[PDB]
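Undergrad: One file is attached below, coords_28.txt, containing compact mmCIF, C-alpha atoms.
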```txt
# COMPACT_ATOMS: atom_id res chain seq x y z
CA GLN O 335 0.00 0.00 0.00
CA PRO O 336 1.63 3.31 -1.01
CA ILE O 337 2.14 5.78 1.83
CA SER O 338 -0.34 8.61 2.09
CA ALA O 339 1.20 11.95 1.18
CA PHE O 340 -0.45 13.13 4.40
CA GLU O 341 0.74 10.07 6.32
CA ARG O 342 4.29 10.85 5.18
CA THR O 343 4.14 14.45 6.39
CA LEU O 344 2.73 13.51 9.80
CA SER O 345 5.27 10.71 10.27
CA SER O 346 8.33 11.82 12.20
CA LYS O 347 11.13 10.20 14.21
CA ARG O 348 9.64 7.43 16.36
CA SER O 349 6.41 7.27 14.37
CA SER O 350 8.03 6.64 11.00
CA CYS O 351 6.39 6.08 7.62
CA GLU O 352 9.80 5.12 6.22
CA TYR O 353 9.17 1.43 6.98
CA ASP O 354 8.30 -0.56 3.88
CA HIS O 355 4.77 -1.74 4.64
CA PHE O 356 2.02 -3.67 2.89
CA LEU O 357 -1.32 -5.34 3.44
CA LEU O 358 -3.00 -8.59 2.45
CA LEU O 359 -5.98 -8.18 0.17
CA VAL O 360 -8.36 -9.91 -2.25
CA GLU O 361 -9.98 -9.03 -5.54
CA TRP O 362 -12.59 -11.36 -7.02
CA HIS O 363 -12.42 -11.78 -10.78
CA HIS O 364 -15.61 -11.59 -12.78
CA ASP O 365 -16.07 -12.10 -16.50
CA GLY O 366 -14.50 -8.88 -17.75
CA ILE O 367 -14.19 -7.05 -14.41
CA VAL O 368 -12.15 -7.01 -11.17
CA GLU O 369 -13.30 -5.76 -7.76
CA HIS O 370 -11.31 -5.18 -4.58
CA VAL O 371 -13.04 -6.80 -1.61
CA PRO O 372 -12.34 -5.67 1.98
CA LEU O 373 -10.88 -8.49 4.07
CA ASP O 374 -11.89 -8.80 7.70
CA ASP O 375 -8.92 -9.86 9.81
CA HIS O 376 -11.16 -12.55 11.34
CA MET O 377 -12.42 -14.13 8.11
CA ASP O 378 -12.81 -17.88 7.80
CA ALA O 379 -12.04 -18.94 4.23
CA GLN O 380 -15.48 -20.57 4.04
CA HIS O 381 -17.02 -17.31 5.28
CA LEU O 382 -15.25 -15.36 2.54
CA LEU O 383 -16.27 -17.84 -0.16
CA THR Q 138 44.06 -15.63 19.52
CA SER Q 139 44.20 -15.45 23.30
CA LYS Q 140 41.20 -13.10 23.51
CA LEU Q 141 39.18 -15.21 21.07
CA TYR Q 142 40.13 -18.47 22.80
CA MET Q 143 40.27 -16.93 26.27
CA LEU Q 144 37.45 -17.92 28.56
CA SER Q 145 36.42 -16.19 31.76
CA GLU Q 146 36.47 -17.77 35.18
CA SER Q 147 33.38 -19.93 35.65
CA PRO Q 148 31.82 -17.97 38.58
CA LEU Q 149 29.16 -15.46 37.51
CA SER Q 150 27.86 -13.23 40.29
CA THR Q 151 24.08 -13.50 40.10
CA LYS Q 152 23.74 -10.12 41.82
CA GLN Q 153 26.18 -8.93 39.16
CA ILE Q 154 24.13 -10.41 36.31
CA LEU Q 155 21.03 -8.71 37.66
CA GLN Q 156 22.94 -5.42 37.67
CA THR Q 157 24.10 -6.17 34.10
CA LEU Q 158 20.48 -6.71 33.18
CA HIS Q 159 19.40 -3.43 34.79
CA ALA Q 160 22.19 -1.56 33.01
CA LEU Q 161 21.33 -3.39 29.79
CA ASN Q 162 17.60 -2.59 29.79
CA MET Q 163 18.50 0.93 30.87
CA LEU Q 164 20.93 1.04 27.96
CA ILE Q 165 18.27 -0.08 25.46
CA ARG Q 166 16.13 2.79 26.77
CA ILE Q 167 19.11 5.08 26.08
CA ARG Q 168 19.50 3.64 22.60
CA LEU Q 169 15.80 3.61 21.71
CA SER Q 170 15.06 7.14 22.94
CA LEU Q 171 17.92 8.28 20.73
CA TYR Q 172 17.81 5.42 18.20
CA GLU Q 173 17.00 7.23 14.98
CA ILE Q 174 14.30 5.05 13.39
CA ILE Q 175 11.29 3.42 15.04
CA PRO Q 176 8.46 2.15 12.81
CA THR Q 177 5.19 3.71 13.81
CA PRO Q 178 3.50 0.33 14.64
CA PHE Q 179 6.41 -0.18 17.06
CA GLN Q 180 5.92 3.20 18.73
CA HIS Q 181 4.68 1.60 21.98
CA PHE Q 182 7.41 -0.52 23.58
CA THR Q 183 8.08 -2.07 26.96
CA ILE Q 184 11.62 -2.23 28.30
CA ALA Q 185 11.18 -5.63 29.89
CA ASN Q 186 13.28 -7.56 32.38
CA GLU R 2 -9.75 21.85 -13.98
CA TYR R 3 -8.16 25.29 -14.08
CA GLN R 4 -7.30 25.18 -17.79
CA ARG R 5 -10.81 23.87 -18.55
CA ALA R 6 -12.45 26.82 -16.79
CA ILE R 7 -10.10 29.35 -18.42
CA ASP R 8 -10.42 27.76 -21.88
CA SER R 9 -14.18 27.98 -21.40
CA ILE R 10 -13.80 31.69 -20.57
CA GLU R 11 -11.80 32.25 -23.76
CA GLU R 12 -14.37 30.33 -25.81
CA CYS R 13 -17.26 32.34 -24.37
CA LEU R 14 -15.37 35.50 -25.35
CA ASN R 15 -14.70 34.44 -28.95
CA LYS R 16 -18.28 33.21 -29.35
CA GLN R 17 -19.47 36.60 -28.12
CA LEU R 18 -17.29 38.46 -30.65
CA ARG R 19 -18.68 36.12 -33.31
CA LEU R 20 -22.28 36.83 -32.23
CA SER R 21 -21.88 40.62 -32.18
CA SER R 22 -20.26 40.61 -35.63
CA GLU R 23 -23.03 38.54 -37.23
CA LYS R 24 -26.15 40.17 -35.78
CA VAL R 25 -27.74 41.42 -32.55
CA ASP R 26 -30.17 39.09 -30.75
CA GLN R 27 -30.54 40.10 -27.12
CA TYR R 28 -31.13 36.60 -25.75
CA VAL R 29 -28.23 34.71 -27.36
CA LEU R 30 -25.78 37.38 -26.34
CA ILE R 31 -26.87 37.95 -22.73
CA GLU R 32 -27.01 34.19 -22.15
CA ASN R 33 -23.45 34.00 -23.45
CA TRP R 34 -22.43 36.65 -20.94
CA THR R 35 -24.11 34.96 -17.98
CA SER R 36 -22.57 31.59 -18.82
CA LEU R 37 -19.20 33.35 -18.89
CA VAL R 38 -20.03 34.92 -15.52
CA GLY R 39 -20.83 31.52 -14.02
CA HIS R 40 -17.54 30.10 -15.26
CA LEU R 41 -15.78 33.13 -13.78
CA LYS R 42 -17.41 32.46 -10.42
CA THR R 43 -16.31 28.82 -10.49
CA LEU R 44 -12.80 29.95 -11.48
CA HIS R 45 -12.71 32.35 -8.56
CA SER R 46 -14.05 29.95 -5.92
CA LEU R 47 -11.42 27.51 -7.18
CA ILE R 48 -8.48 29.94 -7.06
CA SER R 49 -9.44 31.28 -3.64
CA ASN R 50 -9.57 27.60 -2.66
CA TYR R 51 -6.03 27.04 -3.93
CA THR R 52 -4.53 30.13 -2.27
CA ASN R 53 -6.34 29.15 0.93
CA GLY R 54 -4.99 25.60 0.90
CA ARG R 55 -1.50 26.88 0.10
CA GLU R 56 -1.39 29.40 2.95
CA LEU R 57 -2.73 26.69 5.26
CA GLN R 58 0.08 24.42 4.03
CA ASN R 59 2.73 27.04 4.76
CA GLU R 60 1.19 27.17 8.24
CA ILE R 61 1.75 23.40 8.22
CA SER R 62 5.45 23.86 7.44
CA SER R 63 5.93 26.32 10.31
CA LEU R 64 4.06 24.04 12.69
CA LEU R 65 6.00 20.96 11.56
CA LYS R 66 9.22 22.90 12.18
CA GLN R 67 7.89 23.63 15.67
CA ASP R 68 7.24 19.93 16.31
CA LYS R 69 10.71 18.94 15.10
CA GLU R 70 12.25 21.52 17.44
CA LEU R 71 10.27 20.20 20.41
CA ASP R 72 11.29 16.62 19.59
CA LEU R 73 14.90 17.82 19.60
CA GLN R 74 14.37 19.44 23.01
CA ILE R 75 13.15 16.19 24.58
CA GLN R 76 16.11 14.56 22.79
CA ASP R 77 18.50 16.97 24.49
CA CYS R 78 17.05 16.48 27.97
CA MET R 79 17.15 12.67 27.81
CA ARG R 80 20.63 12.84 26.27
CA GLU R 81 21.88 14.92 29.19
CA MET R 82 20.31 12.72 31.88
CA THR R 83 21.77 9.58 30.29
CA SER R 84 25.15 11.27 29.88
CA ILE R 85 25.27 12.22 33.58
CA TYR R 86 24.28 8.73 34.62
CA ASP R 87 27.15 7.09 32.77
CA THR R 88 26.03 3.51 32.28
CA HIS R 89 28.73 0.89 32.76
CA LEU R 90 28.65 -2.87 32.62
CA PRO R 91 29.57 -4.59 35.89
CA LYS R 92 33.17 -5.53 36.52
CA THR R 93 33.81 -8.97 34.98
CA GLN R 100 45.37 -10.27 47.13
CA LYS R 101 47.81 -7.83 48.72
CA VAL R 102 51.53 -8.40 48.10
CA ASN R 103 54.69 -8.40 50.21
CA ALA R 104 57.40 -6.49 48.38
CA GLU R 105 60.27 -8.85 49.24
CA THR R 106 58.93 -11.95 47.49
CA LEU R 107 57.82 -9.56 44.74
CA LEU R 108 61.23 -7.98 44.18
CA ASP R 109 63.07 -11.32 44.22
CA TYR R 110 60.62 -12.78 41.73
CA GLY R 111 60.90 -9.78 39.41
CA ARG R 112 64.69 -9.85 39.43
CA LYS R 113 64.63 -13.59 38.67
CA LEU R 114 62.29 -12.85 35.77
CA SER R 115 64.50 -9.96 34.69
CA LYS R 116 67.04 -12.11 32.85
CA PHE R 117 64.35 -14.28 31.24
CA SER R 118 61.93 -11.63 29.97
CA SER R 119 64.98 -9.66 28.70
CA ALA R 120 66.90 -10.09 25.45
CA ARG L 302 33.55 13.25 43.29
CA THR L 303 32.84 15.60 40.37
CA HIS L 304 30.62 12.96 38.72
CA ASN L 305 28.67 12.46 41.96
CA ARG L 306 28.08 16.17 42.49
CA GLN L 307 26.97 16.51 38.86
CA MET L 308 24.61 13.56 39.41
CA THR L 309 23.10 14.96 42.61
CA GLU L 310 22.49 18.34 40.97
CA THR L 311 21.10 16.96 37.69
CA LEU L 312 18.93 14.64 39.79
CA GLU L 313 17.65 17.56 41.88
CA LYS L 314 16.89 19.71 38.81
CA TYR L 315 14.68 17.04 37.23
CA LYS L 316 13.26 15.53 40.41
CA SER L 317 9.58 14.67 39.96
CA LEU L 318 9.47 11.42 41.92
CA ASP L 319 6.26 9.39 41.89
CA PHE L 320 4.68 5.95 41.83
CA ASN L 321 1.55 4.68 40.04
CA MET L 322 2.29 7.02 37.19
CA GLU L 323 -0.80 6.09 35.13
CA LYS L 324 -2.86 8.46 37.28
CA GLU L 325 -0.35 11.21 36.51
CA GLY L 326 -0.41 10.44 32.80
CA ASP L 327 -4.18 10.81 32.58
CA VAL L 328 -4.08 13.80 34.97
CA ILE L 329 -1.62 15.29 32.49
CA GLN L 330 -4.00 14.49 29.62
CA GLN L 331 -6.88 16.39 31.22
CA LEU L 332 -4.44 19.17 32.17
CA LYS L 333 -3.33 19.48 28.54
CA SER L 334 -7.01 19.50 27.55
CA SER L 335 -7.49 22.57 29.74
CA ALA Y 12 5.77 39.25 -12.49
CA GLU Y 13 4.42 35.78 -11.71
CA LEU Y 14 2.29 34.63 -8.74
CA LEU Y 15 -1.16 33.04 -8.90
CA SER Y 16 -2.96 35.18 -6.36
CA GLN Y 17 -6.47 36.59 -5.99
CA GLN Y 18 -5.26 40.04 -7.02
CA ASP Y 19 -4.54 38.94 -10.58
CA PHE Y 20 -8.03 37.43 -10.74
CA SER Y 21 -9.52 40.82 -9.85
CA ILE Y 22 -7.19 42.18 -12.53
CA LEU Y 23 -8.85 39.77 -14.98
CA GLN Y 24 -12.41 40.74 -14.04
CA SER Y 25 -11.60 44.46 -14.30
CA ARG Y 26 -10.15 43.84 -17.75
CA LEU Y 27 -13.37 42.08 -18.76
CA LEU Y 28 -15.55 44.96 -17.54
CA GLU Y 29 -13.40 47.57 -19.27
CA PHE Y 30 -13.71 45.57 -22.49
CA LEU Y 31 -17.50 45.37 -22.26
CA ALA Y 32 -17.77 49.11 -21.69
CA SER Y 33 -15.33 49.84 -24.53
CA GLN Y 34 -17.48 47.98 -27.08
CA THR Y 41 -13.82 46.18 -36.12
CA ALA Y 42 -10.72 45.89 -33.89
CA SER Y 43 -10.16 46.69 -30.22
CA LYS Y 44 -7.19 47.94 -28.21
CA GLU Y 45 -9.02 47.02 -25.00
CA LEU Y 46 -9.75 43.52 -26.28
CA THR Y 47 -6.10 42.96 -27.20
CA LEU Y 48 -5.18 43.98 -23.64
CA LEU Y 49 -7.75 41.47 -22.39
CA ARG Y 50 -6.19 38.80 -24.62
CA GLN Y 51 -2.74 39.56 -23.24
CA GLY Y 52 -4.25 39.13 -19.78
CA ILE Y 53 -5.91 35.78 -20.46
CA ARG Y 54 -2.67 34.72 -22.16
CA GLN Y 55 -0.76 35.54 -18.95
CA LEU Y 56 -3.24 33.64 -16.80
CA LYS Y 57 -3.09 30.70 -19.23
CA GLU Y 58 0.70 30.53 -18.92
CA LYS Y 59 0.36 30.92 -15.15
CA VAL Y 60 -1.94 27.87 -15.08
CA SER Y 61 0.36 25.99 -17.48
CA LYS Y 62 3.29 26.59 -15.14
CA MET Y 63 0.85 25.42 -12.45
CA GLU Y 64 1.59 22.10 -10.73
CA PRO Y 65 -1.18 20.05 -9.07
CA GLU Y 66 0.57 19.70 -5.70
CA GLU Y 67 -2.48 18.26 -3.98
CA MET Y 68 -3.02 16.70 -0.60
CA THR Y 69 -6.50 16.87 0.88
CA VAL Y 70 -7.46 20.33 2.11
CA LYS Y 71 -9.77 18.68 4.65
CA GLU Y 72 -6.93 16.43 5.80
CA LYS Y 73 -4.81 19.60 5.87
CA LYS Y 74 -7.15 21.10 8.48
CA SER Y 75 -7.22 17.89 10.52
CA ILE Y 76 -3.43 17.59 10.68
CA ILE Y 77 -3.14 21.25 11.60
CA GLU Y 78 -5.34 20.48 14.59
CA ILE Y 79 -3.79 17.19 15.74
CA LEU Y 80 -0.30 18.60 15.21
CA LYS Y 81 -1.29 21.59 17.35
CA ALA Y 82 -2.46 19.05 19.94
CA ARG Y 83 1.02 17.52 19.72
CA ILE Y 84 2.74 20.88 20.29
CA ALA Y 85 0.54 21.79 23.27
CA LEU Y 86 1.25 18.40 24.84
CA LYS Y 87 5.00 18.88 24.17
CA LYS Y 88 5.16 22.21 25.98
CA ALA Y 89 3.02 20.76 28.79
CA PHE Y 90 5.42 17.85 29.34
CA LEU Y 91 8.55 20.02 29.06
CA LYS Y 92 7.31 22.61 31.56
CA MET Y 93 6.28 19.62 33.69
CA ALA Y 94 9.85 18.32 34.00
CA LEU Y 95 11.32 21.82 34.50
CA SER Y 96 9.08 22.39 37.54
```
Would you put the structure from the file into structure tokens?

TA:
Amino acid sequence: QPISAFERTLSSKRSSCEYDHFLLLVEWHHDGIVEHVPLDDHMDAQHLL
Amino acid sequence: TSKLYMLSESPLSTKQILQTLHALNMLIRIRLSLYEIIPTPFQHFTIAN
Amino acid sequence: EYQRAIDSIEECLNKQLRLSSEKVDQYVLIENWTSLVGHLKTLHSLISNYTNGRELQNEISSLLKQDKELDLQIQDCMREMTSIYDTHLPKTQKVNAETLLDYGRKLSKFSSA
Amino acid sequence: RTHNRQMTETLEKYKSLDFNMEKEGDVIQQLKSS
Amino acid sequence: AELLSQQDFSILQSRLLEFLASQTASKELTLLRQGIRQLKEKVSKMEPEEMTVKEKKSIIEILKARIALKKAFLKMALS
């Protein structure tokens, strides 16, 4: 996930944005389309399906 | 070669090693307060035992 | 969106010149004007927006500088307390001179070239 | 000796001794609020 | 002579008015066209440079909260 321009400005010293950081995410494919689906941290795979 | 193969006397003062620990923890506080880079998710830390 | 508003202003102007040259019809012309006036109002609200956001952002730079300075002040105070308390690791018989001196003089020939 | 005097004086300058500091942290939060 | 301020907007509007009141060829219109040219080049030199103006306000306020807490803590140790 790219850093927010505003996150970067706020970040300073101990709170640092400079850490390379990323999330886990899903996008379900559909004939001719792609949609990003929010992923609950407590999501059974069955529940997602 | 002495210093690499040297080995200390086998007694370790357990009161000493506590005081090492105190000075060590204390020294990580020193470091961390003036350690340049903390990631923001790490901003809360405990200097343990 | 700036260039779109301004281009629209230009266009309204040239269309107005075109209208006046051809013939006078009150409606067409006054509607042209008031469309141009609307686009001018959107242009203005937008530029006052930009100057506002910019002056706010300069305020941000001054305030960020203030935060950095305060961080450096807490830095300095902790630095000085930890300097004063110098932190050291813990440390990892008496002699009679006679036996000492005799031993050293023995050793003198043997540690010497 | 010099180190110990320096330590006593730096300790006296900053002295704000306390226990159960959580109460003082939240007291400081509502102080900052006002 | 370049800065993208409100004053040069009001310059534009005054040029427009003066054109309208002036009305084959026009010396007031050509001045107007110089003006819109200038503003066009001022917007072409323009750079987007955008972070959210709402976010801008919010970070002004939480940063100011930071600063006030900083001074509070500092003066706390000095006492």

Undergrad: Fewer than 6 positions away in the same chain doesn't count, so skip those; otherwise give me all residues within 12 Å of range 304-319 of chain L, counting only C-alpha atoms, as a PyMOL selection string.

TA: (chain R and resi 78-79+81-87) or (chain L and resi 325-326) or (chain Y and resi 90-96)

Undergrad: So that I can check the surroundings of residue 175 in chain Q, please list as a PDB file with C-alpha atoms, in the coordinates of the input every protein, DNA and RNA residue that reaches within 7 Å of it, counting all atoms listed in the file and ignoring chain neighbours fewer than 6 positions away.

TA:
```
ATOM      1  CA  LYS O 347      11.130  10.200  14.210  1.00  0.00           C
ATOM      2  CA  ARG O 348       9.640   7.430  16.360  1.00  0.00           C
ATOM      3  CA  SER O 349       6.410   7.270  14.370  1.00  0.00           C
ATOM      4  CA  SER O 350       8.030   6.640  11.000  1.00  0.00           C
TER       5      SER O 350
END
```

Undergrad: With a distance threshold of 12 Å and counting all atoms listed in the file, extract the residues of chain R near chain O and express them as a PDB file with C-alpha atoms, keeping the file's coordinate frame.

TA:
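And here's result.pdb as it stands now:
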```pdb
ATOM      1  CA  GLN R  58       0.080  24.420   4.030  1.00  0.00           C
ATOM      2  CA  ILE R  61       1.750  23.400   8.220  1.00  0.00           C
ATOM      3  CA  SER R  62       5.450  23.860   7.440  1.00  0.00           C
ATOM      4  CA  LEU R  64       4.060  24.040  12.690  1.00  0.00           C
ATOM      5  CA  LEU R  65       6.000  20.960  11.560  1.00  0.00           C
ATOM      6  CA  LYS R  66       9.220  22.900  12.180  1.00  0.00           C
ATOM      7  CA  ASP R  68       7.240  19.930  16.310  1.00  0.00           C
ATOM      8  CA  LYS R  69      10.710  18.940  15.100  1.00  0.00           C
ATOM      9  CA  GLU R  70      12.250  21.520  17.440  1.00  0.00           C
ATOM     10  CA  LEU R  71      10.270  20.200  20.410  1.00  0.00           C
ATOM     11  CA  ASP R  72      11.290  16.620  19.590  1.00  0.00           C
ATOM     12  CA  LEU R  73      14.900  17.820  19.600  1.00  0.00           C
ATOM     13  CA  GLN R  76      16.110  14.560  22.790  1.00  0.00           C
TER      14      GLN R  76
END
```

Undergrad: Select all residues near (2.6, 14.0, 1.6) (cut-off 12 Å, inclusive, file coordinates), counting only C-alpha atoms, and output them as a list in words.

TA: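 The distance filter leaves exactly residues 336, 337, 338, 339, 340, 341, 342, 343, 344, 345 and 351 of chain O; 58, 61 and 62 of chain R; 66, 67, 68, 69, 70, 72, 73 and 76 of chain Y.
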
Undergrad: For the atom pair CA of residue 56 in chain Y and CA of residue 13 in chain Y, what is the interatomic distance in Å to one decimal place?

TA: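 Computing the Euclidean distance for CA of residue 56 in chain Y and CA of residue 13 in chain Y yields 9.4 Å.
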
Undergrad: Box for range 76-86 of chain Y: with edges along x, y and z, all listed atoms inside and 4 Å added on each side, what are the centre and edge lengths in Å to one decimal, as JSON?

TA:
```
{"center_x": -1.3, "center_y": 19.5, "center_z": 17.8, "size_x": 16.1, "size_y": 12.6, "size_z": 22.2}
```
